């Protein structure tokens, strides 16, 4: 059985300035082998976090990741207007590369 990744909430409305936490659940324990990506409308994905909690160079500190095993979270401490986008999680270190199917943040 391959690992499957599931992301929730599927879509979330929030206001600028809100703190938001979104979740990625793995169907089996995957240690810390998770990356988070941000995809702004009309753009390619952008790497935010790898190894579940390490920020990619240049990524603002309001983004943080945590978790291990089957339960992972990305937190945005204070949401900026450019942060409304779709976020994808990705299983690391395995070539049948699996992605979650996305969480969309929308303005409330």
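Residue numbers count along the first chain shown, from 1.
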Highest recorded Cα temperature factor - choice among 39, 68, 75, 53: 68
Entry-reported Cα temperature factor of residue 95, expressed as the chain third it lands in: highest
Chain-wide C-alpha B factor ranking for residue 64, given as lowest, middle or highest third: middle
Third of the chain, ranked by Cα B-factor, where residue 58 sits: highest
For residue 89, the third of its chain into which the C-alpha B factor falls: middle
Lowest, middle or highest third - CA B-factor, residue 21: middle
